[PDB]
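Single chain ahead, by itself, as structure tokens, in the form deposited in one PDB entry.
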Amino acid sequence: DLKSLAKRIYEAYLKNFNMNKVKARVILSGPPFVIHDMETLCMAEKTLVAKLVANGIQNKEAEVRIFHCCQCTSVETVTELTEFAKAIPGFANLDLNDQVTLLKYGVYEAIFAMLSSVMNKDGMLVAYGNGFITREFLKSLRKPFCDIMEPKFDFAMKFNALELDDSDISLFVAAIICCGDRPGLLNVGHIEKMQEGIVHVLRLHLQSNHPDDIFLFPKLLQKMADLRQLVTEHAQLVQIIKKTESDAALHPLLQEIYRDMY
């Protein structure tokens, strides 16, 4: 039954996420338009996000346009994660408020975990796999926008070195969502039992799928803690940008996620 549960989780991930590691690797293997400088950013925008640059002199600064594009992907991924969570045994049986709380704290940890699948050491896929933005270009942006993506590349290079596949990532994302220590949960006991169940599925799956790496489960527990810290730091940077960059608006769904988070 635990093998069946692992497969159900994987099937739910394949249905619900537009991007996965298989799809990303096909693309990254060599088509995506390469964004490596301001000229190619602007060319890519004209083809792939035309509306955002159809304002002439009224267009926002390039860094702010990138900030906006990043948030759009997060909004869509939050929708995918909310539908995915229904496949987790017990999740749909929880009080609606607890569902909201688990998603509030888990979505960005899951986002940064899955973001790793579209990253290599030189850059990352964007716009549903139709662009590839270089790591060096993102580092070249004016402060503080150059500080957004680099810590996520750093996380991703080490996470990708574990050589997880989608079957593993689906269970890891389910485990992220099930954390029983999120602030403000009502039914901690039922959430802890839901978490115990999914973590048991994850541990057995990693044992079967990665017999060569006897420590992969505790490695991933540590990655979960690393992701929590990465999200805490990211939220702090987002708040700095919101307060100091008059054009860098935050989408209302994301402002609700960030509100009172850390």
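Residues that one form lacks are left out of the comparison. We call the rigid core whatever largest set of C-alpha positions still superposes within 1.5 Å between the two forms. Numbering starts at 1 and follows the sequence shown.
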Handout entry: Coordinates absent for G30 in a third or more of other entries
Key = no
Handout entry: Absent coordinates for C69 in a third or more of other compared entries
Key = no
Completion exercise
What lies unmodelled of the deposited sequence between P211 and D212 amounts to none
Completion exercise
Of 170-178 vs 87-95, the stretch with the larger average CA B-factor in the entry is 87-95
Exercise for the section: Would you determine, from the values in the PDB entry, which of 62-70 and 44-52 has the greater average C-alpha temperature factor? Expected result: 44-52
Exercise for the section: Could you say which of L81, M124, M157, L185 has its CA atom at the highest B factor, as listed in the PDB entry? Expected result: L185
Handout entry: Out of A12, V238, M19, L254, residue topping the C-alpha B-factor column of the entry
Key = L254
Handout entry: Chain thirds of CA B-factor: placement of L28
Key = highest
Practice task
Please rank the C-alpha B-factors of the chain's modelled residues and tell me whether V231 sits in the lowest, middle or highest third.
Solution key: lowest
Fill in the blank from the handout: By the entry's values, the third containing the CA B factor of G189 is the highest
Exercise for the section: Report the third (lowest, middle or highest) to which the CA temperature factor of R135 belongs, ranking only the modelled residues of the same chain. Expected result: lowest
Exercise for the section: For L216, return the chain-relative third of its C-alpha B-factor as stated in the PDB record: lowest, middle or highest. Expected result: lowest
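This protein has a second form, the form deposited in another entry, left out of what is shown; the following refers to that one.
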Fill in the blank from the handout: Superposing on the rigid core between this form and the one not shown, the only one of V53, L230, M224, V199 with a Cα displacement of 2 Å or more is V53
Handout entry: Direction of the Cα shift between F132 and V53 in that other deposited form, where the change is 3 Å or more
Key = farther
Problem - Comparison of CA distance in that other deposited form with shown form for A50, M38, at least 3 Å - result: farther
Practice task
After fitting on the rigid core, list every run of 3 or more consecutive residues where each C-alpha shifts 2 Å or more between this form and the one not shown, in sequence order.
Solution key: 48-51, 53-58
